[PDB]
Structure formats: structure tokens, C-alpha cells
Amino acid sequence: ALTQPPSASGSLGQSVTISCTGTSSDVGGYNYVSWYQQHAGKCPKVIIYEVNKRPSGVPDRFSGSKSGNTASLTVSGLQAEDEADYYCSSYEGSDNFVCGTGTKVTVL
């Protein structure tokens, strides 16, 4: 149900914004979009929750927003370490969630 571009790129030191599009019953419906960073072989780590909040220990160069049915994650000061798969999720009511299929961010 959530659409993410399969790939995105950015340059070392620069920014990248990636998108996650749903419907009025998930992303448009609630302010409960989360973003997950998954390095290779690791568990997906929450880097953003409630659209734009960062958990403890997540730097402020990660930010989130949403407008209409579209959520966005921006990463600034791109480091080689930021090359990972990024997933979005949203509540959809009924104690249930929808997920995107992830964006692989390549850092060049």
C-alpha cells in the first residue's frame, strides 16, 4: 500500500530526500508515520516516528515530514554509513500498519 522509490542517491556531505506515498486512510489519515534504517543484516532501526520525531540517539540530520498522502525523509550531511535500505510505515487504523517496500540509498 505505501509507495517508495526503489532507489535514491546523494553525494557525500549533501542531502537526499525520499518519499513514501499512501492514501487518506494511512499516511493522510494519521500523524503516525515512522521511518526505519536497515543496514545490511541488522534489524530495522526506528529513526523517525510520529512523522517528525527522532528517538534517542538519532542525529538531527535525519528529519521527517508529511503533506497530504506523502511523507518524506530527509538526510543531510550524507555519510558513507548512511548507505542503507530505508522503510516507511504508517498506521492504518484497527491497530494495524502498512509498510513500503524500501528505498536503497546509494551514497556517491
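Numbers for residues come from their place in the sequence shown, where the first is 1.
- The PDB entry reports B-factors from which the mean C-alpha value can be compared for 76-84 and 61-69; the larger average falls on 76-84.
- Across 90, 25, 9, 21, the greatest Cα temperature factor reported in the deposited entry is at 25.
- Per the PDB record, residue ranking by Cα B-factor puts residue 32 in the middle third of the chain.
- Sort the modelled residues of the chain by CA B factor and residue 51 lands in the middle third.
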